[PDB]
Ligand SMILES: C=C1OCCC(O)(O)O1
Ligand SMILES: C=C1OCCC(O)(O)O1
Ligand SMILES: [Zn+2]
Ligand SMILES: [Zn+2]
Ligand SMILES: [Zn+2]
Ligand SMILES: [Zn+2]
């Protein structure tokens with residue numbers, strides 16, 4: 001209620017501080033880091049890289065990240081706890097399902113999925129006792145039949161616990177509209193939902209249609225850009241819009257009166273096995289600041305564009321605390 | 001060379017004894033049993049069910065099973081070792097990839113996949129030190145581009161180590177023909193390959209085309225039948241051919257001179273989360289003998305049809321030892 005669950009236990013709302021609401025320690029697949037740690041060099045190399053990156057983010061002002069890696073994105077909460085302790089940065093873990101559920105998940109009913117999400121929120125993840133503080137869901141265009149069940153189960157789990165829901169979208173296909181429709185059919189308040197990857201589109205009619213009915217808007221991939229990259233795989237993933245173009249959507253929604261509904265993040269990672277080999281090297285070339293990109297480069301950019309510091313503090317501190325605090 | 005790796009260490013060829021070459025302790029997905037053990041009631045309930053089933057198979061004469069669950073079928077070698085110790089039945093574990101690889105596998109090259117398979121054969125699975133004694137691969141119709149890489153990587157891993165390859169097929173689509181073509185393009189001897197689920201078809205021209213060029217023929221789902229089952233999901237999985245019809249394919253290949261190339265098994269499981277809920281209950285209703293079905297019902301059936309006991313001993317003891325013994 002007045003506590004947010006992290007990988008090291010409950011924290012008070014004021015302890016969260018400056019919070020990045022959509023990040024990843026390691027974007028992988030279930031069991032993959034355990035079965036093939038050499039893919040990342042070594043598990044120890046991955047830990048060290050993440051600790052260094054989180055320590056640099058902390059020096060830039062970050063106090064909490066929300067790791068929105070699910071079961072099928074290879075979430076390893078023991079890894080998150082280790083890196084969180086070493087870097088002195090709170091990490092909120094996720095339940096839910098992302099874009100790669102295995103058969104043992106894809107065959108389940110809405111009731112079964114709700115049981116699984118509630119397990120990870122209310123009891124713990126695996127045998128770790130670590131509880132999720134957010135529910136992550138995904139569509140990539142029109143929802144599959146199974147994805148409709150996932151979104152409904154996420155709504156039921158959030159209605160039982162007060163934990164918020166955050167989504168992956170194909171933003172240029174306006175996925176958030178169908179996601180909202182399904183969420184609302186289950187009775188979920190839009191104030192409990194962040195429609196993510198919304199900085200992937202420039203369509204203000206789509207974005208304000210979501211914000212007008214009360215959704216939080218996840219402008220969460222600000223440094224994702226392949227401008228300057230011959231590299232087909234990187235351009236497909238990162239897009240050809242500049243980080244400045246994405247960042248100006250923050251100002252656009254402020255100027256329309258939605259400052260309390262904006263969540264900002266990097267959607268960064270320290271390991272990334274669910275895409276092409278060496279993508280992490282390419283991404284780190286594009287954005288050497290990693291997760292510190294938001295405070296080091298986006299915040300000063302918005303200040304120079306005239307956004308008051310108080311407004312940016314509200315977006316990076318107040319909005320995440322309101323979102324993450326469990327409530328109906 | 002003269003040792004077969006099991007989940008409890010190396011065993012001599014003569015220790016293997018009566019061997020079921022295609023079985024599963026638990027057909028699941030990577031990480032699923034760890035994240036949601038209540039799906040199986042409890043992990044302890046699954047262990048007890050498997051120990052009881054393996055003890056009954058041992059009483060019927062079974063000494064070894066080959067668990068052909070891969071990474072993506074949720075293979076948990078620690079579970080296999082626990083059940084193997086409690087039941088006093090050797091268990092050979094598998095590497096490879098089955099029909100549900102996650103993104104972190106599906107994006108890999110043939111070289112990367114070969115590294116992963118060799119890791120599990122030569123070094124160990126996860127951090128357990130348990131080494132795989134077989135490589136499992138799968139197609140379901142025409143091979144996907146990725147499945148072609150998997151079959152090539154399996155061939156390269158087998159060529160480096162002498163460990164055999166065993167396959168999942170859509171037998172009525174004659175998948176074994178393309179699998180053989182890819183294997184042979186990499187230089188793999190057919191004597192190192194079992195084309196599995198071959199009892200799913202009655203096409204003798206397909207089966208003898210594989211056997212004539214030297215492949216082992218996996219007649220591995222003998223008790224799979226939905227005769228007597230209204231139940232659409234079970235009929236889709238188990239088929240409408242009787243176990244006697246499947247078993248008579250053993251006699252057919254003996255009568256054509258291929259007795260040394262036949263491998264027989266149940267393709268049974270004690271847990272099964274990668275299909276519809278409660279499928280395990282339906283399967284256990286169909287075949288209460290479980291993994292003991294081959295010795296308790298198929299062997300006497302073939303004897304009554306005139307197959308000499310020496311021939312059946314060759315199929316159930318000699319052929320698996322020759323297949324599993326590492327060699328080029
Ligand atoms: C940049 C990434 O990595 C995986 C998670 C994602 O969907 O947010 O996309
Ligand atoms: C009966 C089953 O379970 C999963 C493995 C399979 O492909 O052999 O099919
Ligand atoms: Zn995403
Ligand atoms: Zn993400
Ligand atoms: Zn199979
Ligand atoms: Zn099988």
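The first residue you see is number 1, and the count goes up from there.
Backbone N, Cα and C atoms are what each Cβ position is placed from, and that goes for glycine too.
Secondary structure at residue A:267 (Zn(2+) 1 binding site), taken from DSSP and collapsed to helix, strand or coil, is coil. Cβ neighbours of residue A:267 (Zn(2+) 1 binding site) (same chain, under 8 Å, six or more residues apart in sequence): A:22, A:23, A:24, A:197, A:220, A:221, A:224. The Zn(2+) 1 binding site annotation in Swiss-Prot covers A:22, A:24, A:136, A:267.
Annotation source Swiss-Prot lists Zn(2+) 2 binding site at A:136, A:168, A:197. Counted within 10 Å of its Cβ, the other Cβ atoms near residue A:168 (Zn(2+) 2 binding site) come to 25, all protein chains included. Mapped onto three states, the DSSP output places residue A:168 (Zn(2+) 2 binding site) in strand.
Around residue A:136 (Zn(2+) 1 binding site), taking its Cβ as the centre, 30 other Cβ atoms fall within 10 Å, counting all chains. The DSSP secondary structure for residue A:136 (Zn(2+) 1 binding site) is strand. Residues or ranges marked as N6-carboxylysine in Swiss-Prot: A:136.
Taken in sequence order, the binding-site residues A:22, A:136, A:168, A:197, A:267 that lie near ligand 1, meaning a CB under 6 Å from one of its atoms, are A:168, A:267.
Residues A:168, taken from the binding-site residues A:22, A:24, A:136, A:168, are distinguished by a CB atom under 6 angstroms from ligand 3. Within 8 Å of the Cβ centroid of the Zn(2+) 1 site, not counting the listed residues A:22, A:24, A:136, A:267, the chain contributes A:23, A:66, A:67, A:68, A:69, A:166, A:168, A:196, A:220, A:265. For residue A:22 (Zn(2+) 1 binding site), the Cβ neighbour count at a 10 Å cut-off comes to 27, with all displayed protein chains included.
Counting every protein chain shown, the number of other Cβ atoms lying within 10 Å of the Cβ of residue A:24 (Zn(2+) 1 binding site) is 26. Secondary structure at residue A:24 (Zn(2+) 1 binding site), taken from DSSP and collapsed to helix, strand or coil, is coil. Counted within 10 Å of its Cβ, the other Cβ atoms near residue A:197 (Zn(2+) 2 binding site) come to 22, all protein chains included. Highlighted in sequence order, A:22, A:68, A:98, A:137, A:138, A:166, A:167, A:169, A:196, A:218 have their Cβ within 8 Å of the centre of the Cβ atoms of A:136, A:168, A:197, the residues recorded for Zn(2+) 2, and are not part of that set.
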